[PDB]
Visitor: 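This structure is in structure tokens; I'll ask about it shortly.
Numbers restart at 1 for each chain; the letters A, B, ... are given by sequence-line order, proteins then strands. Values below: every heavy atom of this structure, side chains too, minus hydrogens, waters and symmetry copies.
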Amino acid sequence: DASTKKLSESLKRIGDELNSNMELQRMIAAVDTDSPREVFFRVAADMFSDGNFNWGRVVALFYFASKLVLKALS
Amino acid sequence: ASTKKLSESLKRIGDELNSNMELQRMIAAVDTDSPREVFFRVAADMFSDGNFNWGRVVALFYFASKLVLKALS
């Protein structure tokens, strides 16, 4: 009931925070199409060198990865 | 060079969501003997407002992956 509602609202906020960040969309679009994997792994590694890797960062990483995949298929 | 500012953006957004919600505690607390319909209940409410953005699709796949990993444990 309220448990699955708070969970769905939380997942809505996660998706909306990623999709509405106009700055992030510009940086992802500015990634050069010659080497997307290098950029993705360089970004994924900076997520660990901090020491505080968390679920928020893997959801952001997979958003970035999916946007990169969509970009190459387009 | 500009990869740094992109990593900073992805780190900041990721850390802001982490500090804002206890998502892992929420996912772990859902019913384990009812996997298919807890996914559809969440997926239906996520799109009840007519907003089908790609960010929500990613958020739904992460929730689905956390669901099957719990079911396989």
Side-chain angles (χ1 to χ4, degrees), chain A residues 4-74, chain B residues 1-30 32 35-36 38-73:
Chain A
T4 195
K5 173 63 61 165
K6 194 195 179 193
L7 177 61
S8 84
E9 282 296 318
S10 298
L11 297 179
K12 286 171 50 179
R13 289 196 293 257
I14 298 176
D16 291 351
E17 288 292 340
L18 287 162
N19 225 83
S20 63
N21 194 292
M22 307 311 297
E23 192 187 53
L24 178 65
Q25 314 302 298
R26 288 195 242 97
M27 318 203 69
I28 298 180
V31 171
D32 194 46
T33 68
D34 277 19
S35 56
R37 269 203 286 192
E38 307 179 353
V39 172
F40 171 74
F41 281 108
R42 283 152 56 189
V43 165
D46 283 339
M47 234 69 66
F48 292 114
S49 71
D50 177 288
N52 281 127
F53 193 68
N54 57 78
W55 66 262
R57 293 180 172 193
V58 55
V59 173
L61 259 179
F62 191 51
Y63 182 77
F64 180 48
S66 57
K67 298 293 285 201
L68 288 183
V69 166
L70 294 179
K71 201 169 172 57
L73 306 185
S74 165
Chain B
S2 63
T3 300
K4 164 105 183 307
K5 191 180 177 179
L6 177 51
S7 285
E8 290 186 327
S9 180
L10 286 173
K11 288 169 72 170
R12 189 193 313 271
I13 273 67
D15 292 351
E16 289 178 331
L17 300 170
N18 185 67
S19 321
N20 184 264
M21 304 149 16
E22 300 265 54
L23 187 66
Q24 298 294 160
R25 192 170 72 180
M26 302 182 215
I27 297 179
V30 312
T32 174
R36 60 151 85 177
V38 67
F39 173 81
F40 278 127
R41 189 161 187 83
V42 160
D45 184 75
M46 288 196 332
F47 300 115
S48 63
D49 62 349
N51 189 6
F52 283 77
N53 61 69
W54 184 258
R56 292 184 178 181
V57 173
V58 166
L60 185 66
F61 178 84
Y62 172 79
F63 174 58
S65 299
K66 269 297 187 187
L67 261 184
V68 311
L69 290 177
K70 161 152 77 164
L72 289 179
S73 75

Visitor: Under 30°, 30 to 60°, or over 60°: which ring-plane class applies to B/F47 and B/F52, parallel, tilted or perpendicular?
Guide: parallel

Visitor: Check B/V58 against A/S66 and note the closest heavy-atom contact, atom names and distance.
Guide: CG2-OG, 3.5 Å

Visitor: B/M21 versus B/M26: any side-chain heavy-atom pair under 4.5 Å?
Guide: yes

Visitor: Quiz question: by atom type and distance under 3.5 Å, do the side chains of A/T4 and B/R41 form a donor-acceptor pair?
Guide: no

Visitor: I need the minimum non-hydrogen distance between A/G15 and B/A59, along with the two atoms involved.
Guide: N-CB, 4.3 Å

Visitor: For B/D45, does its backbone N or O pair with a side-chain atom of B/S48 as donor and acceptor, under 3.5 Å?
Guide: yes

Visitor: Hey, does the side chain of A/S74 reach the backbone of A/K71 with a donor-acceptor pair shorter than 3.5 angstrom?
Guide: no

Visitor: For A/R13, is the CZ atom crowded, meaning more than 12 foreign heavy atoms sit under 6.0 Å from it?
Guide: yes

Visitor: Would you please test B/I27 and A/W55 for side chain to side chain contact (heavy atoms under 4.5 Å, CB included) and show each step?
Guide: CA-CA 12 Å; B/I27 297 179; A/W55 66 262; over 6 Å; no

Visitor: What class does the angle between the rings of A/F64 and A/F40 fall in, given that below 30° is parallel, 30 to 60° is tilted and above 60° is perpendicular?
Guide: tilted

Visitor: Would you confirm whether A/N19, through its side chain, and B/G55, through its main-chain N or O, come within 3.5 Å as a donor-acceptor pair?
Guide: yes

Visitor: Hey, what do you get for CG (A/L24) to OH (A/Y63), rounding to the nearest 0.5 Å?
Guide: 6.5 Å

Visitor: Please tell me if the side chains of A/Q25 and A/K67 come closer than 4.5 Å, counting only heavy atoms from C-beta onward.
Guide: yes

Visitor: Treating B/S9 as the side-chain partner and B/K5 as the backbone partner, does any N or O pair qualify as donor plus acceptor under 3.5 Å?
Guide: no

Visitor: If I take atom CD from residue B/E8 and atom CD1 from residue B/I13, how far apart are they, to the nearest 0.5 angstrom?
Guide: 11.0 Å

Visitor: What distance do A/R26 atom CZ and A/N21 atom CG have between them, rounded to the nearest 0.5 Å?
Guide: 8.5 Å

Visitor: In Å, rounded to the nearest 0.5 Å, how long is the span from CG of B/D15 to CZ of A/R57?
Guide: 4.0 Å

Visitor: In a check of side chain to side chain contact (heavy atoms under 4.5 Å, CB included) between A/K12 and each of B/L60, B/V42, B/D49, B/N53, which one passes?
Guide: B/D49

